[PDB]
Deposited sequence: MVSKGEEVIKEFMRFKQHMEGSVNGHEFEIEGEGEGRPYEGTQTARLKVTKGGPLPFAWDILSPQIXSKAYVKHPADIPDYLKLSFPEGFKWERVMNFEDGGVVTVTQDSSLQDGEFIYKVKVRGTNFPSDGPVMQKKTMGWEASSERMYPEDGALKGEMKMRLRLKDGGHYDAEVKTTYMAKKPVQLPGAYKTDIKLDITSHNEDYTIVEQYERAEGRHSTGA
């Protein structure tokens, strides 16, 4: 079986937010059938970033989602060739992030390449002023459509001030081969930033994700 109980990944991310270009490299590890993983990220070009790390954190791994045996695990089944995903996050204040991502399995390790584009964040808003404080737990509504797997969710970012800053998120996950699509279900996800240096040029994260019937 190509996906072992323990799997590492390597990751390259590039992109721009509000005109600022960056690159990040990461390495992570986790237990795909348990839905858990951690990663060490570092900003390798464009640091320090003048925006909140938190808009980048959900772009850093859906092979690590626990599934019950009766929900086909389309994204695990796609390996070793892998899958691609594309996402839009529409933030409440008009900011937008679009993502394209490629996922493959090479010599026992997952390989991620991510391209992130964000724009129209207000300069006095919480993203450009770095006033965010991590994501509340999300529930992604998963469903087959057009021969792909889609996910929808409202994600909420905590704010330094006590409130929240929300995004509507839409993602399309497309396996490189037509492995078995599931029926509709939900995935419970919680992502934590477990360590960072002051300017977030060195960051660690943890995520747990588990699918269940809806």
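What are the unmodelled segments when the structure is compared with the full deposited sequence, in sequence order?
-> No C-alpha for residues 1-6, 67, 222-224.
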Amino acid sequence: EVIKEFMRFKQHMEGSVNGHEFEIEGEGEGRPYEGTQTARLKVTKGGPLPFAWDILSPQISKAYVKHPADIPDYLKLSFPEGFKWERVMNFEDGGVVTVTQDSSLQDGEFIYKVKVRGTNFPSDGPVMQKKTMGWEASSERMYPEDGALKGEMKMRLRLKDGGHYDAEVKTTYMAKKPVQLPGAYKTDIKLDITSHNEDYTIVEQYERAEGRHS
From here on, numbers count along this sequence of modelled residues.
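Decide which of the stretches 202-210 and 14-22 has the higher mean C-alpha B-factor, going by the entry.
-> On average, C-alpha B-factors are higher across 14-22.
Which of 121-129 and 93-101 has higher mean CA B factor, as the PDB entry lists it = The deposited B-factors put 121-129 ahead on the C-alpha mean.
Top Cα B factor in the deposited entry, candidates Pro178, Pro48, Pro182, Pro58 | Going by the entry's C-alpha B-factors, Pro48 comes out highest.
Of the choices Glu86, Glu140, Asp107, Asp73, which one's C-alpha carries the largest B-factor in the record?
-> Each of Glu86, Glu140, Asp107, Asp73 was compared by C-alpha B-factor; the highest is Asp107.
Would you check the entry's CA temperature factor for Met153 and let me know if it's in the chain's lowest, middle or highest third?
-> It belongs to the highest third of the chain when residues are ordered by C-alpha B-factor.
Would you please rank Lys186 by its C-alpha temperature factor against the other modelled residues of its chain and give the third it falls in: lowest, middle or highest?
-> It belongs to the middle third of the chain when residues are ordered by C-alpha B-factor.
Comparing against every modelled residue in the chain, figure out the third that the C-alpha B-factor of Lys66 lands in (lowest, middle or highest).
-> Within its chain, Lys66 is a lowest-third residue by C-alpha B-factor, going by the deposited values.
Third assignment of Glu29 from its chain's C-alpha B-factors = CA B-factor rank for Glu29: lowest third.
Which third of the chain holds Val2 when residues are ordered by C-alpha B factor: lowest, middle or highest?
-> According to the entry, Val2 has a C-alpha B-factor in the chain's highest third.
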